[PDB]
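Below is one structure, written out as structure tokens; the observations come after it.
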Amino acid sequence: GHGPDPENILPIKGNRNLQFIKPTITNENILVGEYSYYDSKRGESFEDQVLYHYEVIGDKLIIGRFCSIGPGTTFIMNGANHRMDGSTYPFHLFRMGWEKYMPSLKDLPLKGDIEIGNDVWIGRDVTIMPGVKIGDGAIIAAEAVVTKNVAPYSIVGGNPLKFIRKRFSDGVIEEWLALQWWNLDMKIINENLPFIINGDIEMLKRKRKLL
Amino acid sequence: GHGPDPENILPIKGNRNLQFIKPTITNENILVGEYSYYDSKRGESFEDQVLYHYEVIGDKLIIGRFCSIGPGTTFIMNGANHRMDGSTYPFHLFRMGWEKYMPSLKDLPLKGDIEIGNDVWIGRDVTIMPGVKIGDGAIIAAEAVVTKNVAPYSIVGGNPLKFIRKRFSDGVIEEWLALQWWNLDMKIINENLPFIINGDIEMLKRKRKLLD
Amino acid sequence: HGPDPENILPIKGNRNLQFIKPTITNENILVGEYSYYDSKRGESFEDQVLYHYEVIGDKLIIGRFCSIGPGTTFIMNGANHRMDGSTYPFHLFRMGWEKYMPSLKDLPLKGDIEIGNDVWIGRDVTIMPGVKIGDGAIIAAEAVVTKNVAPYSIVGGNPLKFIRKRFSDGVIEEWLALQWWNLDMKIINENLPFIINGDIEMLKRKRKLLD
Ligand SMILES: [Cl-]
Ligand SMILES: [Cl-]
Ligand SMILES: [Cl-]
Ligand SMILES: [Cl-]
Ligand SMILES: [Cl-]
Ligand SMILES: [Cl-]
Ligand SMILES: [Cl-]
Ligand SMILES: [Cl-]
Ligand SMILES: [Cl-]
Ligand SMILES: [Cl-]
Ligand SMILES: [Cl-]
Ligand SMILES: [Mg+2]
């Protein structure tokens with residue numbers, strides 16, 4: 001059985017910062033696929049990086065498989081959102097007669113769930129805004145503030161986020177998105193690792209005898 | 001008078017991070033209005049977020065009332081601004097003969113006070129540069145670097161700062177600025193609170209027309 | 001006359017501002033005299049050098065009399081992954097994947113980070129791999145240096161933007177021809193009132209009688 005145990009929190013026995021995210025999950029509304037890792041700074045858990053995530057709001061954080069999440073990467077959820085109709089001041093938090101002004105969930109600018117695809121490389125100290133969707137194979141530069149959606153297999157970075165370039169031609173991206181090697185069994189992946197790594201997409205298609 | 005005590009440092013039960021700024025001010029030249037709060041990370045003091053702030057400079061940091069100041073927000077004052085006529089190296093700091101090369105403040109590029117208005121929402125990890133004016137009701141996006149003045153009731157963000165959009169119409173902004181609910185008595189603030197929150201500016205305008 | 005460049009803590013009472021050169025213990029880090037690091041809480045400069053691995057052999061070079069603000073980070077080439085297909089570092093987890101380690105040809109290595117002399121680097125700046133920064137250049141705070149920085153130019157932001165040139169083209173050439181940082185400390189101490197007040201025309205007179 002080539003490969004590490006995806007349920008083993010600390011796969012690299014010399015390393016104590018790099019953690020497989022999935023088996024560390026405790027909270028709800030957080031779904032992280034197998035083999036996705038978080039390379040922490042001082043050993044902090046991935047969930048500590050998830051901020052403003054209140055069960056009451058119901059927003060979710062979805063991360064696909066085989067994702068590289070750099071140290072300091074922050075996920076800002078909808079809890080950070082202030083009401084923008086009149087004053088942005090959350091009077092209700094202080095109570096003492098102001099709890100009657102408790103906002104409804106429909107009074108708040110809810111941006112939705114954060115969805116991160118598979119095989120995603122997220123640079124160091126990246127901050128991710130609420131409602132952001134990130135496509136498979138996407139690359140996010142370090143120190144980037146992801147203020148919008150990121151296309152599959154695209155390189156982006158900066159504050160606010162800027163589109164740098166697309167990794168492969170539009171046709172090639174289609175083939176990767178049609179293949180979805182991350183959803184295959186580990187037996188198949190291990191037998192296809194060379195072509196996945198060197199990006200020989202036209203060999204993977206021969207490897208998978210389709211109809 | 002309903003509402004929390006503005007003198008109360010930690011006004012929320014079971015919260016050790018969100019603080020009322022004004023009653024924490026120990027240092028000078030930091031003028032912060034009532035109800036303006038700082039939601040700290042590890043419970044750190046607001047003043048610790050104020051950098052390069054030396055008293056003799058008379059450099060002032062002004063913040064209005066009812067401001068939301070996110071965690072990690074730092075305020076860069078003039079202070080340690082190196083000379084830019086030649087070498088930016090601060091020789092005088094190391095002394096041992098170099099102390100005579102202390103820059104005259106006439107030779108220093110002072111930008112002036114940091115002035116932040118009322119009802120301002122500043123996101124997490126924002127950096128604010130010297131001499132920056134921020135108008136009432138503005139919104140600073142998270143991780144932003146304020147390198148320029150921010151117009152009242154506008155949304156800004158980025159590094160360097162970019163203008164995103166205006167919060168409301170020009171006419172509606174004028175109505176808020178003519179209102180100045182933060183400058184009204186707490187009695188009548190509570191009396192207008194349901195409208196201040198849902199943004200019923202038309203009602204607020206009517207209430208103030210009545211108050212003449 | 002002046003401070004001792006071999007003194008780790010040049011200022012009495014200051015436990016944060018360090019001379020970088022006498023603190024260096026690791027390899028491939030070359031820092032000139034009088035260049036200092038004004039740390040947040042006393043941390044060593046080397047700790048601000050990230051993804052610096054011996055197996056790559058990339059170097060960090062910094063001239064003399066550089067001001068480096070707190071939180072400044074230097075990102076080296078050990079960060080980037082293979083980008084031909086999957087950016088997932090399989091080889092790290094081993095257990096049958098160690099064979100999939102990428103060669104140097106497979107990696108998008110950007111080279112060495114070279115910073116000149118008399119360079120002012122603001123607080124919380126991040127330096128990307130392969131970046132060259134000219135002499136006298138000023139790096140604004142919070143900036144992410146994603147490209148080369150011309151000598152005596154002011155830059156900042158993420159990604160890096162060009163703000164302005166400090167002096168005219170002629171004056172810049174004159175500073176670059178002067179190189180006061182290469183003069184003997186006896187000569188520098190005689191010219192400090194001119195190095196600081198920027199009066200370079202008087203320096204050209206003085207260098208003429210020196211040459
Ligand atoms: Cl919760
Ligand atoms: Cl959604
Ligand atoms: Cl764009
Ligand atoms: Cl190959
Ligand atoms: Cl300037
Ligand atoms: Cl703009
Ligand atoms: Cl009153
Ligand atoms: Cl190493
Ligand atoms: Cl091996
Ligand atoms: Cl010498
Ligand atoms: Cl002078
Ligand atoms: Mg930018």
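Residues are named by chain letter and number: chains run A, B, ... in the order of the structure tokens, numbers start at 1 in each chain, and ligands are numbered from 1 in the order shown.
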
Mind checking which residues fall within 12 Å of residue 178 in chain A, counting only C-alpha atoms, ignoring those fewer than 2 positions away in the same chain, and posting them as a ChimeraX atom specification? /A:136,171-176,180-183,201,204-205,208,210

If we count only C-alpha atoms, what is near range 125-135 of chain A at a cut-off of 7 Å, once residues fewer than 3 positions away on the same chain are taken out, given as a list in words? residues 70, 71, 72, 73, 74, 75, 76, 77, 78, 111, 112, 113, 114, 115, 116, 117, 138, 142, 143, 144, 145, 146, 147, 148, 149, 150, 151, 152 and 153 of chain A

Produce as number ranges by chain the set of residues near ligand 1, where near means within 8 Å with only C-alpha atoms and all ligand atoms considered. A: 53-56

Quick one: write out the picked residues with C-alpha atoms as a PDB file, in the first residue's frame?
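Saved as result_18.pdb:
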```
ATOM      1  CA  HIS A  53     -16.999  30.430  11.716  1.00  0.00           C
ATOM      2  CA  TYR A  54     -20.216  30.346  13.745  1.00  0.00           C
ATOM      3  CA  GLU A  55     -22.577  27.357  13.632  1.00  0.00           C
ATOM      4  CA  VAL A  56     -25.568  29.719  13.768  1.00  0.00           C
TER       5      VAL A  56
END
```

Select residues of chain A: the criterion is any atom within 6 Å of an atom of chain C, counting only C-alpha atoms; output as a PyMOL selection string. chain A and resi 2-4+12+158-159+196-199

For the residues selected in the previous step, produce a file with C-alpha atoms as a PDB file, in the first residue's frame.
```pdb
ATOM      1  CA  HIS A   2       2.221   2.791  -1.299  1.00  0.00           C
ATOM      2  CA  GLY A   3       1.657   6.171   0.326  1.00  0.00           C
ATOM      3  CA  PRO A   4       1.066   7.330   3.914  1.00  0.00           C
ATOM      4  CA  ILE A  12       6.287  12.798   8.340  1.00  0.00           C
ATOM      5  CA  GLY A 158      -1.829  39.889  -4.583  1.00  0.00           C
ATOM      6  CA  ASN A 159      -4.002  42.245  -2.534  1.00  0.00           C
ATOM      7  CA  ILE A 196       0.178  12.909 -12.717  1.00  0.00           C
ATOM      8  CA  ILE A 197       3.429  14.435 -11.475  1.00  0.00           C
ATOM      9  CA  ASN A 198       4.992  15.199 -14.871  1.00  0.00           C
ATOM     10  CA  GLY A 199       1.574  16.249 -16.187  1.00  0.00           C
TER      11      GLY A 199
END
```

Would you please give, as a ChimeraX atom specification, all residues of chain C that DSSP assigns to strand (DSSP E) based on the backbone? /C:17-19,29-31,36-38,49-50,60-62,67-68,73-75,113-115,120-121,126-127,132-133,138-139,144-145,153-156,161-165

What are the nearest atom pairs, with distances in Å to one decimal, for all residues of chain C that come at most 12 Å from ligand 5, using only C-alpha atoms and all ligand atoms, set out by chain and rising residue number as CSV?
```
residue,atom,partner,partner_atom_place_in_ligand_line,distance
C:138,CA,ligand 5,1 (Cl),9.9
C:139,CA,ligand 5,1 (Cl),11.2
C:140,CA,ligand 5,1 (Cl),9.5
C:141,CA,ligand 5,1 (Cl),12.0
C:153,CA,ligand 5,1 (Cl),11.3
C:154,CA,ligand 5,1 (Cl),8.6
C:155,CA,ligand 5,1 (Cl),10.7
C:156,CA,ligand 5,1 (Cl),11.6
C:163,CA,ligand 5,1 (Cl),9.5
C:164,CA,ligand 5,1 (Cl),9.4
C:165,CA,ligand 5,1 (Cl),10.9
C:166,CA,ligand 5,1 (Cl),9.2
```

All residues 12 Å or closer to residue 205 in chain C, only C-alpha atoms, same chain fewer than 3 positions away omitted, as a short mmCIF file (atom, residue, chain, number, x, y, z; two decimals) with C-alpha atoms, in the first residue's frame:
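around.cif was written with the following content:
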```
data_model
loop_
_atom_site.label_atom_id
_atom_site.label_comp_id
_atom_site.auth_asym_id
_atom_site.auth_seq_id
_atom_site.Cartn_x
_atom_site.Cartn_y
_atom_site.Cartn_z
CA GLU C 174 26.84 59.72 -9.06
CA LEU C 178 30.65 56.96 -5.23
CA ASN C 191 31.95 62.46 4.97
CA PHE C 194 27.42 64.84 3.36
CA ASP C 199 25.13 66.85 -0.67
CA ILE C 200 26.88 64.64 -3.20
CA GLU C 201 28.51 67.45 -5.18
CA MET C 202 30.74 68.05 -2.16
CA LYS C 208 38.50 63.72 -6.40
CA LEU C 209 41.08 64.74 -3.79
CA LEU C 210 40.89 61.14 -2.56
CA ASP C 211 41.46 59.68 -6.03
#
```

Can you pull out the residues contacting residue 176 in chain B? Cut-off 10 Å, using only C-alpha atoms, and skip same-chain residues under 6 positions away; I want them as a PyMOL selection string. (chain A and resi 86-87) or (chain B and resi 136-137+152-153+168+196+199+201-202+204-205)

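Near chain B, the residues of chain C that fall inside 7 Å (using only C-alpha atoms) are residues 1, 2, 3, 10, 11, 65, 66, 67, 118, 120, 157, 158, 195, 196, 197 and 198 of chain C.
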
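Those protein and nucleic acid residues that have any atom within 9 Å of ligand 10 are, using only C-alpha atoms and all ligand atoms, residues 182, 183, 184, 185, 186 and 187 of chain C.
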
Chain A residues near chain B (8 Å cut-off, only C-alpha atoms) as a list in words: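 Here is what falls inside 8 Å: residues 83, 85, 86, 87, 88, 89, 93, 94, 95, 96, 97, 98, 101, 145, 159 and 160 of chain A.
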
What does the list of residues within 8 Å of ligand 3 look like if you count only C-alpha atoms and all ligand atoms, written as a list in words?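 Result of the 8 Å neighbour search around ligand 3: residues 161, 162, 163 and 164 of chain A.
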
Produce a file of the selected residues containing N, CA and C atoms, as an mmCIF file, in the first residue's frame.
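Dumped to selection-v6.cif:
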```cif
data_model
loop_
_atom_site.group_PDB
_atom_site.id
_atom_site.type_symbol
_atom_site.label_atom_id
_atom_site.label_comp_id
_atom_site.auth_asym_id
_atom_site.auth_seq_id
_atom_site.Cartn_x
_atom_site.Cartn_y
_atom_site.Cartn_z
ATOM 1 N N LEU A 161 -6.728 40.394 -5.012
ATOM 2 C CA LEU A 161 -6.283 39.312 -5.879
ATOM 3 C C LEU A 161 -6.210 39.741 -7.342
ATOM 4 N N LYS A 162 -5.148 39.315 -8.020
ATOM 5 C CA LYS A 162 -5.006 39.545 -9.453
ATOM 6 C C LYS A 162 -4.765 38.229 -10.192
ATOM 7 N N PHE A 163 -5.272 38.144 -11.420
ATOM 8 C CA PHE A 163 -5.048 36.975 -12.262
ATOM 9 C C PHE A 163 -3.674 37.048 -12.911
ATOM 10 N N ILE A 164 -2.815 36.088 -12.584
ATOM 11 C CA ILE A 164 -1.477 36.042 -13.162
ATOM 12 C C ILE A 164 -1.478 35.343 -14.523
#
```

In Å, with one decimal, what is the gap from CA of residue 169 in chain A to CA of residue 154 in chain A?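 A separation of 10.4 Å between them.
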
Can you tell me which residues sit at most 10 Å away from ligand 8, counting only C-alpha atoms and all ligand atoms, written as JSON, numbers by chain? {"C": [26, 27, 51, 52, 53, 54, 55, 56, 57, 78]}

Distance query residue 140 in chain A at most 6 Å, only C-alpha atoms, self and fewer than 2 positions along chain excluded, as a ChimeraX atom specification: /A:122-123,155-157

Please produce an output containing C-alpha atoms for each residue in the selection, written as a CSV table (one decimal), in the first residue's frame.
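Written output follows (out_36.csv):
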```
chain,number,residue,atom,x,y,z
A,122,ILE,CA,-2.1,27.7,-1.3
A,123,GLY,CA,0.9,29.8,-0.5
A,155,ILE,CA,-2.2,31.2,-10.9
A,156,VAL,CA,-3.3,34.2,-8.9
A,157,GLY,CA,-1.8,36.4,-6.2
```

Within 8 Å of ligand 7, which residues show up when you count only C-alpha atoms and all ligand atoms? List them as a VMD selection string, please. chain B and resid 184 to 187

Would you mind telling me which residue in A:13, A:167, A:60, A:22 lies nearest to ligand 2 when using only C-alpha atoms and all ligand atoms?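 Counting only C-alpha atoms and all ligand atoms, the residue closest to ligand 2 is A:60.
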
Give the helix (DSSP H, G or I) residues of range 5-194 of chain B, as DSSP finds them on the backbone, and put them as number ranges by chain. B: 22-24, 46-49, 91-94, 98-101, 170-179, 181-183, 186-194

Between CA of residue 177 in chain C and CA of residue 137 in chain C, distance in Å (one decimal):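 CA of residue 137 in chain C lies at a distance of 15.4 Å from CA of residue 177 in chain C.
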
What's the separation between CA of residue 54 in chain B and CA of residue 27 in chain B, in Å to one decimal place?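 Computed distance, CA of residue 54 in chain B to CA of residue 27 in chain B, equals 9.5 Å.
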